[PDB]
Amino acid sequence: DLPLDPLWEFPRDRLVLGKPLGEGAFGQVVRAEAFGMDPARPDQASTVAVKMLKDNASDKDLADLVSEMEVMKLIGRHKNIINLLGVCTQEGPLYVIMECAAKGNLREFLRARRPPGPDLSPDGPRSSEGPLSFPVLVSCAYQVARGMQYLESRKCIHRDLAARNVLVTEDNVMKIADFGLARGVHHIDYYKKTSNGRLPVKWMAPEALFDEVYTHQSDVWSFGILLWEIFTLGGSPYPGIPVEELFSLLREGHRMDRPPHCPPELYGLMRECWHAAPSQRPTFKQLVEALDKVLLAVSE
């Protein structure tokens, strides 16, 4: 009963719904097979991520998903974001079809690839060598910055940029997810802990947390936290600090320490992102360039 948009509309019968991937505040995401997403190859199979309303959804849940859908249409296509592939709005439940990232989110990607502990018996010629190396970590940070730069150019604010909201493809390409979402910024439970133990308040810029102000520079703050996540290989920010203590510490201008095995260049970028005045933080364009210099200097 929603209006037909032939540009994006995809026949729902060309989808085979598979195993659920996860669920958000509004909507659930399910893995699925798509046939003929490329109209030039009608019988070609591809793996996609389908977002849909949960069971017994409210009208506001529908409005939020519709709102997300329209943002996806306007945002355009970029290598480092989750792109819209199609929609199903006609004669059936609302489907928002987007790209699927085979390796899950960036946080779990890093945590599952932490170096072998010294408790492990030396077996082979590279026993100390873990899956993750410094240039690849830098590349991950660079890709997120480029993706955010694109989103910024499209006047899009993420409001919850983090490792958990960055997805990893089969080719280890970073793709920013859930960027055009209504997140109820006027009613945030700052003490709320997710089912996986995450405290989303630890990613909020001071002007966002204290003054409910969101800009692209507030995302830059979040990017700084995301930088810390990457080079702690999926660690949780402000270790062992409860939300109540986080409040007072932030008011005192407290910042996270430099993590182990992290070069001063990158902790330098982190601290720049965490400058109190938003105009004293780098832009994403500057972050891209700065991370590019480091990346090129370690890609001989």
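Quick note: we count residues from 1 along the sequence shown, nothing fancier.
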- Mean C-alpha B-factor higher for 188-196, or for 222-230? 188-196
- Query: For the C-alpha atoms alone, is the average B factor greater in 120-128 or in 78-86, going by the entry?
  - Reply: 120-128
- Item | Given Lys54, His254, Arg258, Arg271, the residue at which the Cα B factor reaches its maximum | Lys54
- Query: Among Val50, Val66, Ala34, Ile241, where is the Cα temperature factor highest, going by the PDB entry?
  - Reply: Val66
- Item | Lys19 CA temperature factor, ranked by third within the chain | highest
- Taking the chain's C-alpha temperature factors as the reference, tell me which third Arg183 falls into: lowest, middle or highest. highest
- Task: Quick one: classify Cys262 as lowest, middle or highest third of the chain based on its Cα B-factor.
- Result: middle
- For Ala163, the third of its chain by CA B-factor is the lowest
- Query: Based on the entry's values, in what third of the chain does the Cα temperature factor of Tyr95 lie: lowest, middle or highest?
  - Reply: middle
